[PDB]
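One structure is given below, encoded as structure tokens.
With ideal geometry, Cβ positions are generated from the backbone for all residues, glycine too; neighbour counts draw on all protein chains shown. Since every read-out is calculated from the coordinates, none of them should be taken as a lab result.
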Ligand code: HEM
Ligand SMILES: C[C@]12CC[C@H](O)CC1=CC[C@@H]1[C@@H]2CC[C@]2(C)C(c3cccnc3)=CC[C@@H]12
Ligand SMILES: [Hg+2]
Ligand SMILES: [Hg+2]
Ligand SMILES: [Hg+2]
């Protein structure tokens, strides 16, 4: 796989490669210094994204955030979303009530070598359809899960894809249509408020961008977080001792009861370190979304023509033995104290869900670990740590035994 291939080649040929496709050049960047040039130092010049056709379909031809070109239209559009992610004092609430749902379904499978994934998909999807449309067991969804899995699978291996996006677009359009500038209840509310306001176009966002942003916040919110929960628990199975310590940390500073609040984070540094280790050892995107050069620029000491694509090899920088000790190995300790670590990227294209992901990961990893304990079953393996990329780096299915405290 690309991220392993260019990681291996970096030791002996440079940390910087070039590939040619048509008449457009692609640089691969696999050294911390050079990625900070791309993402920080000269962040703005590399802030373009490419116009593929699969992404077009996904986002109605660059009407989202992640696959849209940097532009005044994009900067105001991002501002709106950012504001918005920020209150959400909210959740907490939203998260904790889904964590209770999740957590109360897990005990219903006590001593069951369940296969936790359907359960986590439903949990995170609740948090998200909720935080975006205030939507809610059930369901139409299968439908959501059904259309999400259809899109992911189509891309994993169209034709089949359009129809799947079309399902999502109509469904979302209905909730967009149905959707108080004082006290917003939804991320979609916030987006319509800001769209309302702007006299733009030309530069203010059409509402389509709302539909697309709402559609993207799903994809991103569910697929990144699901995976990070699946990875987290996978690792805590190969390392039971560490599972105990985090539980011991949780015991000592939160009760055996108090739903861990967001105000407990400074007091729970080993847990935060575990989330940061999970982020490090399995990048959700071992290669970022291509950054495109918005003008003639440079990198290393070399001119980079405008239109050049730049793949950031985040696996390489997070596994670089020059900046990490035994990066293959799993130590949240390596973060125990208070160069190369950018789990959400950096600069103008940094993750927009970073605030949310930190908060959302904390609140129901603390809680599953507060009420439950996760073990490799007797007649199963340990989970396979290699994992598979598309559309994020996720682990293969694994089976896990849950048992509560008492
Ligand atoms: C859970 C762990 C997550 C990690 C580690 C992560 C990491 C990243 C990274 C590395 C980037 C790209 C940086 C770049 O291209 O320059 C990114 C982009 C993005 N992430 Fe995340 N992300 C996570 C979760 C989420 C969530 C939950 C959302 C929900 C909305 C989200 C939305 C986005 C979006 C919209 C972008 C595109 C940013 C842009 O083009 O400016 N991410 N993320
Ligand atoms: C393809 C998918 C997931 C499947 C959806 O059906 C369509 C979709 C829309 C936006 C994509 C998302 C997966 C993760 C993506 C690719 C990304 C992301 C990836 C990792 C971390 N943060 C953000 C932001 C846009 C996100
Ligand atoms: Hg489908
Ligand atoms: Hg505490
Ligand atoms: Hg096992």
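I need the full set of residues from the range 217-246 which are over 17 Å from residue 384 (Cβ atoms) and surrounded by fewer than 18 Cβ atoms within 10 Å (Cβ to Cβ), in order please.
Once the filter is applied, which keeps residues that are over 17 Å from residue 384 (Cβ atoms) and surrounded by fewer than 18 Cβ atoms within 10 Å (Cβ to Cβ), the range 217-246 yields 240, 241, 244, 245.
Mind checking which residues of the range 170-200 are within 15 Å of ligand 2 (Cβ to nearest atom) and surrounded by fewer than 17 Cβ atoms within 10 Å (Cβ to Cβ)? Before you say what the answer is, go through the steps one by one.
So in the range 170-200, the residues within 15 Å of ligand 2 (Cβ to nearest atom) come out as 170-172, 187.
Residues satisfying the conditions are 170, 171.
From the list 143, 154, which residue is in contact with a helix residue (DSSP H, G or I) (Cβ under 6 Å, 6 or more places away or on another chain) and away from ligand 4 (no atom under 16 Å from the Cβ)?
On the way: 143 fails: in contact with a helix residue (DSSP H, G or I) (Cβ under 6 Å, 6 or more places away or on another chain).
After ruling out the rest, the residue left standing is 154.
So, in the range 389-403, how many residues would count as being more than 13 Å from residue 230 (Cα to Cα) and surrounded by fewer than 14 Cβ atoms within 10 Å (Cβ to Cβ)? Even if it seems obvious, please write down each step before you answer.
If we filter the range 389-403 for residues that are more than 13 Å from residue 230 (Cα to Cα), which is where we start, we get 389-391, 401-403.
From what's left, surrounded by fewer than 14 Cβ atoms within 10 Å (Cβ to Cβ): 390.
The qualifying residues number 1.
What number of residues within the range 198-245 satisfy the criterion of being over 12 Å from the mean Cα position of the chain (by Cα) and within 24 Å of residue 397 (Cα to Cα)? Step through it out loud before you land on a result.
Residues of the range 198-245 over 12 Å from the mean Cα position of the chain (by Cα): 198-215, 230-245.
Narrowing the set further to residues that are within 24 Å of residue 397 (Cα to Cα) leaves 230-244.
Final tally of qualifying residues: 15.
Can you tell me which residues in the range 157-194 are out of contact with any helix residue (DSSP H, G or I) (no Cβ under 7 Å at 6 or more places or on another chain), part of a loop (DSSP other than H, G, I, E, B) and more than 13 Å from ligand 3 (Cβ to nearest atom)?
Selection gives 157, 180, 182, 183, 185.
Look at the range 247-275 and say how many of its residues are more than 10 Å from ligand 1 (Cβ to nearest atom) and either in contact with a strand residue (DSSP E or B) (Cβ under 8 Å, 6 or more places away or on another chain) or assigned to a helix (DSSP H, G or I) (or both). Walk me through how you get there before you give the answer.
Let us first name the residues in the range 247-275 that are more than 10 Å from ligand 1 (Cβ to nearest atom), namely 247-274.
Narrowing further to those that are either in contact with a strand residue (DSSP E or B) (Cβ under 8 Å, 6 or more places away or on another chain) or assigned to a helix (DSSP H, G or I) (or both): 247-253, 262-267, 269-274.
The total comes to 19.
Counting only residues that are outside any loop (DSSP other than H, G, I, E, B) and touching a strand residue (DSSP E or B) at 6+ places or on another chain (Cβ under 7 Å), which one in the range 330-388 is surrounded by the most Cβ atoms within 10 Å (Cβ to Cβ)? Walk me through it before giving the result.
At the first step, the residues of the range 330-388 found to be outside any loop (DSSP other than H, G, I, E, B) are 332-335, 347-349, 354-375, 388.
After this cut, where a residue has to be touching a strand residue (DSSP E or B) at 6+ places or on another chain (Cβ under 7 Å) as well, the list is 349, 371-375, 388.
Numbers: 349: 24, 371: 21, 372: 18, 373: 16, 374: 20, 375: 14, 388: 12.
Among those that are outside any loop (DSSP other than H, G, I, E, B) and touching a strand residue (DSSP E or B) at 6+ places or on another chain (Cβ under 7 Å), it is 349.
Please go through the range 7-20 and pick out each residue that is under 21 Å from residue 46 (Cα atoms), surrounded by fewer than 16 Cβ atoms within 10 Å (Cβ to Cβ) and in contact with a strand residue (DSSP E or B) (Cβ under 9 Å, 6 or more places away or on another chain).
First pass over the range 7-20, keeping only residues under 21 Å from residue 46 (Cα atoms): 14-20.
Of the ones still in play, those that are also surrounded by fewer than 16 Cβ atoms within 10 Å (Cβ to Cβ) are 14, 18-20.
18, 19, 20, listed by residue number.
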